[PDB]
Structures are given as structure tokens and as C-alpha cells.
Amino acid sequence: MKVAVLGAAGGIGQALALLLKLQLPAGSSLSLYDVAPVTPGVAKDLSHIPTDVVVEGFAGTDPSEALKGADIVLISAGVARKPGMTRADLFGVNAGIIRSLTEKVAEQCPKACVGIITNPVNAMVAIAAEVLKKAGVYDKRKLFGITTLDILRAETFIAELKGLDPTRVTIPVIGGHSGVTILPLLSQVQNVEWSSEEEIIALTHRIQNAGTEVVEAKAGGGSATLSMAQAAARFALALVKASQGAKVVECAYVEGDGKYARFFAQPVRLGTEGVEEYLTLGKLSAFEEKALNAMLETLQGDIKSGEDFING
């Protein structure tokens, strides 16, 4: 098992690299790549931790050496939202970074699973799909938008509100990865009596807007880095577990059956070659059915913006 992290010198990159150095299976390797000159030193820092995980670090213009033989590629490269900045600002900075790095994946490790962290995920994942298609290597089973932070948030907020164990709250989160496209299926949550519709609506809002609590409370210091690194590590370790032949189930933004949108976040069962089965959303409340049809235009617009960058 070899995992490559592209953007490994950043806030998310460094914490993610630490969690993977601590938690990847003994016998694994970890390669870090970032345009930041510090990157070989980040790898040197991690190499002092006593786990049987070979860690190498690369800066420079060419991630080919980090990517050679990679099974899993995690991309946290690009700028984070600071106060004042819009989705549109992020797209303009990050689209070309995602285009550049996914071209190099197609060249060096086209059979790898690819996990996109870089925002806006909804559009960045469609960019990577179109680059892989232009290279003739696109396997839709192997490309993921990492939405796992929306799951961490949902688990935490449910457990804190309802006095539950946050380690054992399960909650599917479907749709997309931004504002109104995030749909947590609170109707399916166990061991909770909802006060009323009010409580469900307010919890849904808090899950959808949680990034702003952080962006705000850091006050220009940046966005969520440490929670996102945990979310990415959790997803990555799920893919490693699936590579060993485990049944693994995770919410991720994937090119599925296209019932609602070309890309849609849903529970998937992972096998040894990416997605093995696309799982049901299960039973939606009236509230969930309406929220689903209400955000579909935004989600399809996010996808189009990524497709149109690569293809017109």
C-alpha cells in the first residue's frame, strides 16, 4: 500500500501526513508532495516516528516521483477560504491546481484511487474526471470527493445535542459538499426523539454551515485544518481497509447512476478496485425529499462549472 498526499506542506496536508504516518498499516509507504520548499523537511520530521511506514517528501514542479506506484492519491493542494473570499475565488485559484495534479496522476498512477479534498469539491471532482477522460484512463469507481468532514460534524453535533456517544452515532450525509447541497439524513438517526421539526432544521443548518463557525472564529487565520485532516485520514484508512478485501461503507461524492446528478454524495461499498456497489439513500422524510429536490440545481451547476473548465 502506497499513499501519496499532494499539498502535504499545508494546514490539512501536514496533520493528514501525521495521522497517516501513525495509522497506515505496518509495511505501507507514504509520499508527500507540495510546491512549498519545506516539504522534504515535513517528511523528515515524520520519518522520526517509530512506525513501519516509509515516508518520503518532494518539492519542485514534478510530483511523478511521489506518485510512482501510488495506490491512493489524496489531494489537499490549493487555497482555503479566508474571510472576504467566495466559492468563485476558490474555483479560480484551485481549478488549475486540480487540472495540473490530476494530469500527473493519469501519467504516473492511472489505476490509483483519487480522493479530492480541495474546494469547491463539487466542481473540483468533475474537473479531475474530465482530465482522466481526456487521458483515456478514467475509472469512475476510483474517483472520490471526500465529504467525510460533513459526517464528522453530523456525528459530533447529534451526539452533543442528544447526549449520545459520538463514536457510535451513524448518519448518512448525501448530495454535495457545500452549503445547501449538504443533506444529512437526520430522519434515520437512532436513540433520538426530535423536540419538533425545528430541532431537525436547526441541526441540518449547523451541519451545512459549520465551516463558517471555524473560518469566523480563526478570523482570517484560515479554515478547518485539524478536523479535515482527521476526516481525510478516516476516508483514506477506509480505502486501505477495502484494499485488504474488507466490506467498507462510506459516504463519498462519486459519479454513480446519475438519478439526481452526474456526481452525488451517497453511501458506497468499497472493494479492492474502488466502488463495488452504490448503496440506497434508504427512507427519506418529506423534509429530506424536499431539501434534496430544492438543492439539485446548485449541485448540477457546480458540476457544469467543472466540466466546462476542461471541455467548454
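Residues carry their position along the shown sequence, with the first being 1.
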Averaged over C-alpha atoms, is the B-factor higher for 57-65 or for 42-50 in this PDB entry?
57-65
Read off the CA B-factors in the entry, average them over 215-223 and over 151-159, and name the higher stretch.
215-223
Please pick out which of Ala36, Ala70, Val248, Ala286 has the largest Cα B-factor as recorded in the entry.
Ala286
Between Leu22, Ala9, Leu16, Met295, which carries the biggest CA temperature factor in the record?
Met295
Looking at the temperature factor on the CA atom of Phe263, which third of the chain's modelled residues does it land in?
middle
Position of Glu198 among the chain's modelled residues by C-alpha B-factor, lowest, middle or highest third
highest
Consider only the C-alpha atoms of the modelled residues in this chain, order them by B-factor as the entry records it, and name the third containing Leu32: lowest, middle or highest.
lowest
By the record's CA B-factor, is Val180 among the lowest, middle or highest third of residues in the chain?
highest
Sorting the chain's CA B-factors, does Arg81 end up in the lowest, middle or highest third?
highest
